[PDB]
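The chain below stands alone and is given as structure tokens, in the form deposited in one PDB entry.
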């Protein structure tokens, strides 16, 4: 963190921790009983494995009755994802079994209609912090409300300089100091999944630095198809 606050425990029952070898790698979002959406860059690299997903968690380290760790039957990165690009940066993970659903675990509706989130809309992003930003990292789930930034301005020569295609969206990042982006994590507007974090901003510095998110509606055809 240097954006935000501790979330209410289990009030985002869609939130997932994508894990490598039992350590938090990336955020993700439960989009169907057996399927979690995250970002391709997360699981990018090569060797392995023991990629799993933790559902029903608030703390990454402490006992909680709802916590369940799922192995993954299949990792499906968007075919057009590339290591050297923030395009098509989505990742679907098929869980070993249907998630057991309840107050702490519950898929989130996601936007199928390909329309942009209106600029100014307040959306919610949640996650758990990187490298080991404090060994247990941030240990409990954090979130913050960010206003959506118009694509035009996001594309300014000082913001993101034409990088933001119509398949991407932006949020004002955060003034005062810097940064965040769990990655793979979700951007939720009015209770609907609209975006997934991409390395926006992993080049942090300005005042009006914006976060970059992949628009899930733009990939609705690919998502649904992997699900069927």
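The term rigid core refers to the maximal set of C-alpha atoms that superpose within 1.5 Å between the two forms. Positions refer to the first chain, counted from 1. Only residues modelled in both forms are compared.
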Output the stretch having the higher mean C-alpha B factor in the entry; the candidates are 157-165 and 181-189.
157-165
Selected stretch [higher average CA B-factor]: 200-208 or 20-28:
200-208
Per the entry's Cα B factor values, which of 109, 83, 127, 77 stands out as the maximum?
83
Per the deposited entry, the peak Cα B-factor within the set 131, 117, 105, 92 goes to 131
Against its chain's modelled residues, does residue 137's Cα B factor rank lowest, middle or highest third?
highest
Entry-reported Cα temperature factor of residue 62, expressed as the chain third it lands in:
highest
Grab the CA temperature factor for residue 38 from the record and place it in the lowest, middle or highest third of its chain.
lowest
For residue 53, return the chain-relative third of its C-alpha B-factor as stated in the PDB record: lowest, middle or highest.
lowest
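One more form of this protein exists, namely the form deposited in another entry; it is left out here, but the text below deals with it.
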If you line up the core, which of 179, 54, 164, 43 has a CA that moves 2 Å or more between the shown form and the other one?
179
Determine whether the C-alpha of residue 131 shifts by 2 Å or more between the shown form and the other one once the rigid core is superposed.
yes
Using a superposition on the rigid core, decide whether the Cα position of residue 205 changes by 2 angstroms or more between the shown form and the other one.
yes
Relative to what we see here, could you say if residue 189 and residue 176 have their Cα atoms closer or farther apart in the other form, with a change of 3 Å or more?
closer
What direction does the residue 26-residue 179 Cα distance move in the other form compared with the shown chain, closer or farther, given a change of 3 Å or more?
closer
Can you list, in sequence order, the runs of 3 or more consecutive shared residues with C-alpha shifts of 2 Å or more between the shown form and the other one on the rigid core?
1-3, 130-137, 174-181, 200-209
